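Participant: With the input below, show me the fold.
(chains A, B and C, ligands or ions: 11)
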Amino acid sequence: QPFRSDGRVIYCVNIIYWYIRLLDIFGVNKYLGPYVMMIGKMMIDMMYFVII
Amino acid sequence: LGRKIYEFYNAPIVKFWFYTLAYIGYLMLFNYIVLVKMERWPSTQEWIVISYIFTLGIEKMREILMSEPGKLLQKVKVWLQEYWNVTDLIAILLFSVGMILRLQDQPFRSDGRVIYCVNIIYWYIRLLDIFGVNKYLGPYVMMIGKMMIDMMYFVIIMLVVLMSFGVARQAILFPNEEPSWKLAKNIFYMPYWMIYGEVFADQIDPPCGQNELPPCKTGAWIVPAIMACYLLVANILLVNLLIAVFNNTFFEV
Amino acid sequence: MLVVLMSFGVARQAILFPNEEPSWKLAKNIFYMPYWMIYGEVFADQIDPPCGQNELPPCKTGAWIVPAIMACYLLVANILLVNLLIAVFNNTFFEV
Ligand SMILES: CC(C)CCC[C@@H](C)[C@H]1CC[C@H]2[C@@H]3CC=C4C[C@@H](OC(=O)CCC(=O)O)CC[C@]4(C)[C@H]3CC[C@]12C
Ligand SMILES: CC(C)CCC[C@@H](C)[C@H]1CC[C@H]2[C@@H]3CC=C4C[C@@H](OC(=O)CCC(=O)O)CC[C@]4(C)[C@H]3CC[C@]12C
Ligand SMILES: CC(C)CCC[C@@H](C)[C@H]1CC[C@H]2[C@@H]3CC=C4C[C@@H](OC(=O)CCC(=O)O)CC[C@]4(C)[C@H]3CC[C@]12C
Ligand SMILES: CC(C)CCC[C@@H](C)[C@H]1CC[C@H]2[C@@H]3CC=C4C[C@@H](OC(=O)CCC(=O)O)CC[C@]4(C)[C@H]3CC[C@]12C
Ligand SMILES: CC(C)CCC[C@@H](C)[C@H]1CC[C@H]2[C@@H]3CC=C4C[C@@H](OC(=O)CCC(=O)O)CC[C@]4(C)[C@H]3CC[C@]12C
Ligand SMILES: CC(C)CCC[C@@H](C)[C@H]1CC[C@H]2[C@@H]3CC=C4C[C@@H](OC(=O)CCC(=O)O)CC[C@]4(C)[C@H]3CC[C@]12C
Ligand SMILES: CC(C)CCC[C@@H](C)[C@H]1CC[C@H]2[C@@H]3CC=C4C[C@@H](OC(=O)CCC(=O)O)CC[C@]4(C)[C@H]3CC[C@]12C
Ligand SMILES: CC(C)CCC[C@@H](C)[C@H]1CC[C@H]2[C@@H]3CC=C4C[C@@H](OC(=O)CCC(=O)O)CC[C@]4(C)[C@H]3CC[C@]12C
Ligand SMILES: CC(C)CCC[C@@H](C)[C@H]1CC[C@H]2[C@@H]3CC=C4C[C@@H](OC(=O)CCC(=O)O)CC[C@]4(C)[C@H]3CC[C@]12C
Ligand SMILES: CC(C)CCC[C@@H](C)[C@H]1CC[C@H]2[C@@H]3CC=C4C[C@@H](OC(=O)CCC(=O)O)CC[C@]4(C)[C@H]3CC[C@]12C
Ligand SMILES: CC(C)CCC[C@@H](C)[C@H]1CC[C@H]2[C@@H]3CC=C4C[C@@H](OC(=O)CCC(=O)O)CC[C@]4(C)[C@H]3CC[C@]12C
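Facilitator: Residues are numbered from 1 along each chain as shown, chains lettered A, B, ... in the order given. Ligands and ions are numbered 1, 2, ... in the order given. Here you go, the structure:
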């Protein structure tokens, strides 16, 4: 410390991305994969929502 | 008139609305059982409820033993084909073990009461089968059934996002906890009630390091930012996709 | 919604209050808390109230079911049937 708990915070932010990487495993399923790329399509529309 | 009684009674719409009114009667009696207290021995109203479940089980056993296929395995196979029959069997067995724990004195008695009120849920849901006779409600029932899979997909991706907000909240704010299962409660507690309204507004960024406070935990500013991210993704993206899924599946189903 | 709402009403008013007499206030409490939960108020204080501790009135046994099933109810009411009402309102709109 004082660096130790900040490294813990860095681990804590990294578990966010290591959950989001489950979408790659979700991309093998014939029912889930198109839904994942579909979310990737809807992100732009939500971006326009975010500016307005 | 002596054949007219038989003509009315054995007619199938009549024999259906008998069963509907008997189901409504049983369900009102079971509500009076489970809400009101229960003594050491069962009451009269509860004896009616016990008798309904037992004679229903007799009818289910009978209708197993009046199906055409020759083998007993074949009869239980063709009976296990229809899903409401096997859920009927499961609920009847759970109510019977609840009855056995009820007739037994405490502490088993109130556990039996718990089993009773968990069967209350399913014996409410069987009124959907009762609603299936209507030409306007039957298709709605099958519609609920067909969009449950579209909700299932939503449920897995919601678990993935909800656990993200959960772990990052439980591991920024609370930093020093021994191995305990209580963390698993917190993991699925606070993020899940945020979808349906309640943002838990008092407990996002408590005031801290002030004189009036407990010491500020390092990095506690990232929790409102990730709650912003989760709240936008959960209530603006995926629920709205579920709107879209449901509409474009409605025209087909 | 009436069927699903009252199954929740029965379940919560059964587990939480275990020694209630015949009274019509039970028929109020069966509808009261489920109904204002559709509209954006989940009654956050009484979701999993702390019980059986020293810091309180004890836990009714089986109370841990009451949050869990309520989770299920919020997935049925606010996510399934209101969304089907969106769909129902939307693809009969052209006709009407
Ligand atoms: C829990 C809190 C912190 C919210 C976290 C939000 C983001 C970190 C995640 C949530 C959903 C993710 C998106 C889900 C789906 C996709 C598609 C995927 O891209 C592809 O599959 C490539 C093809 C395509 O672009 O569609 C990865 C990017 C993207 C937009 C993801 C980008 C990162 C996002 C916005
Ligand atoms: C089967 C469905 C369609 C309901 C049909 C209603 C009636 C045929 C039954 C259902 C509940 C019954 C009641 C359940 C409990 C009681 C209390 C009972 O009083 C006692 O048991 C206390 C005195 C004693 O033990 O003798 C008198 C009959 C009564 C009113 C019963 C009268 C007949 C009722 C209304
Ligand atoms: C026509 C079909 C749709 C069935 C309609 C159901 C009614 C005829 C039943 C359902 C619940 C019954 C009630 C359930 C409980 C009681 C309490 C009972 O009083 C007692 O048991 C006294 C003892 C005590 O309460 O401790 C008197 C009958 C009554 C009002 C019952 C009257 C008949 C009711 C309203
Ligand atoms: C408070 C919580 C616990 C409520 C949860 C409700 C669900 C568990 C229920 C409500 C609607 C039900 C559905 C309504 C209609 C049907 C159709 C029915 O299937 C058939 O008739 C097909 C039979 C065959 O083809 O062999 C039974 C399953 C299903 C999907 C049901 C499955 C169970 C569901 C999703
Ligand atoms: C993709 C999803 C399913 C991941 C979910 C992750 C966590 C919610 C789980 C995974 C492993 C779990 C841990 C596995 C083992 C234990 C030990 C357990 O210890 C005891 O019960 C003490 C008993 C004793 O050893 O005397 C306390 C819960 C804990 C930390 C669990 C807490 C919750 C954890 C972290
Ligand atoms: C696919 C859908 C239906 C959800 C996926 C299932 C799991 C994510 C859920 C289902 C039941 C849940 C469990 C139900 C009960 C408990 C006990 C609970 O223990 C306590 O809360 C005791 C400590 C305390 O006093 O808080 C910890 C979470 C846990 C393991 C839950 C962890 C998450 C589980 C396994
Ligand atoms: C339409 C959307 C995309 C625009 C608005 C979203 C963000 C720009 C906002 C929403 C909530 C805001 C957060 C709300 C509260 C805080 C806590 C705050 O922490 C502190 O001040 C430290 C503690 C203290 O007060 O002593 C730092 C800014 C931050 C993360 C804010 C940063 C900006 C955020 C993420
Ligand atoms: C299934 C969906 C579509 C509708 C479900 C909603 C109603 C059946 C419920 C919701 C709230 C309930 C009300 C909540 C509270 C009261 C007050 C109550 O009056 C008292 O308790 C007297 C005042 C006092 O307690 O001093 C009379 C019943 C009433 C109107 C209830 C009647 C039934 C209501 C309207
Ligand atoms: C299954 C769905 C469609 C309907 C559910 C109906 C129940 C919630 C109702 C029907 C019968 C009702 C009972 C009928 C009679 C009474 C007696 C009543 O007692 C008095 O009013 C006391 C009078 C006095 O002081 O003498 C208290 C409510 C109670 C238990 C009622 C509670 C609510 C019940 C169980
Ligand atoms: C949703 C559509 C299809 C019609 C719904 C009708 C019933 C579900 C509602 C309509 C009026 C309601 C009743 C209005 C008034 C009362 C009195 C109320 O009594 C009290 O609150 C007593 C005072 C107290 O709480 O101390 C209990 C609920 C009850 C029976 C309500 C029960 C539910 C009822 C019958
Ligand atoms: C898959 C997506 C749709 C998320 C689903 C959320 C569930 C997995 C979560 C939400 C609320 C959770 C419940 C919230 C509170 C409790 C009480 C808890 O009971 C105790 O801790 C007992 C001690 C006490 O409370 O006195 C056991 C876990 C449980 C049922 C949790 C189990 C897991 C639940 C149902």
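Participant: rest of the way, CA atoms for contacts and neighbours
Facilitator: Noted.
Participant: Residue A:12: neighbour count?
Facilitator: By the measure other CA atoms under 10 Å in any protein chain shown, the count of residues near residue A:12 is 19.
Participant: Walking through chain A, point out its helices one by one.
Facilitator: Taking DSSP state H as the criterion, chain A carries its helices at A:4-20, A:22-26, A:33-51.
Participant: Ligand 3 is nearest to which of the ones you listed?
Facilitator: In terms of CA to the nearest ligand atom, the element of these nearest to ligand 3 is helix A:33-51, at 46.7 Å.
Participant: That closest one and ligand 1, any residue contact?
Facilitator: Yes - looking at helix A:33-51 against ligand 1 by CA under 6 Å from any ligand atom, the contacts come from A:36-37, A:39-41, A:43.
Participant: contacting residues around that helix?
Facilitator: With CA atoms under 8 Å, 6 or more residues apart in numbering or on different chains as the contact definition, helix A:33-51 has outside contacts at A:23, A:26-27, B:236-237.
Participant: switch the cut-off to 10 Å
Facilitator: When contacts are defined by CA atoms under 10 Å, 6 or more residues apart in numbering or on different chains, helix A:33-51 is touched by residues A:23-29, A:32, A:52, B:153-154, B:157, B:232-233, B:236-238, B:240-241, B:245.
Participant: Turn the residues of helix A:33-51 next to ligand 1 into TSV, columns for neighbour count.
Facilitator: Putting the residues of helix A:33-51 next to ligand 1 into TSV (neighbours: other CA atoms under 10 Å in any protein chain shown) gives the following:
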residue	neighbour count
A:36	15
A:37	12
A:39	14
A:40	11
A:41	11
A:43	13
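Participant: could you list every residue that touches the most centrally placed residue in chain A?
Facilitator: The centroid of chain A falls nearest to residue A:20 when counting by CA atoms, centre = their mean (3.6 Å). For residue A:20, the contacting residues are B:157, B:160-161, B:164, by CA under 10 Å, 6+ apart.
Participant: Repeat the analysis, applying 8 Å as the threshold.
Facilitator: B:160-161.
Participant: Just give the number of residues close to residue A:13.
Facilitator: The burial count for residue A:13: 20, using other CA under 10 Å.
Participant: Grab the nearest non-local neighbour of it.
Facilitator: Once flanking residues are discounted, residue A:13 sits nearest to residue B:168: 6.6 Å by CA to CA, 6 or more residues apart in numbering or on different chains.
Participant: Looking at the residues of helix A:33-51 next to ligand 1, which is nearest ligand 5?
Facilitator: Looking across the residues of helix A:33-51 next to ligand 1 and measuring by CA to the nearest ligand atom, the closest to ligand 5 is residue A:36, at 18.1 Å.
Participant: roughly how far apart are the closest one and ligand 10?
Facilitator: Between residue A:36 and ligand 10 the computed distance is 40 Å (CA to the nearest ligand atom, to the nearest Å).
Participant: Of all residues in chain A, which one is closest to ligand 9?
Facilitator: Nearest residue of chain A to ligand 9: residue A:31, at 39.1 Å (CA to the nearest ligand atom).
Participant: can you count the residues close to that residue?
Facilitator: 12.
Participant: Could you tell me the phi and psi values at it?
Facilitator: Main-chain dihedrals, residue A:31, degrees, to the nearest 10: phi -100, psi -20.
Participant: now residue A:21
Facilitator: Residue torsions, per degrees, to the nearest 10, at residue A:21 are phi -70, psi -10.
Participant: Around it, how many other residues sit close by?
Facilitator: Residue A:21 has 12 nearby residues by other CA under 10 Å.
Participant: Which part of chain A gets nearest to ligand 2, residue-wise?
Facilitator: residue A:31 (47.0 Å).
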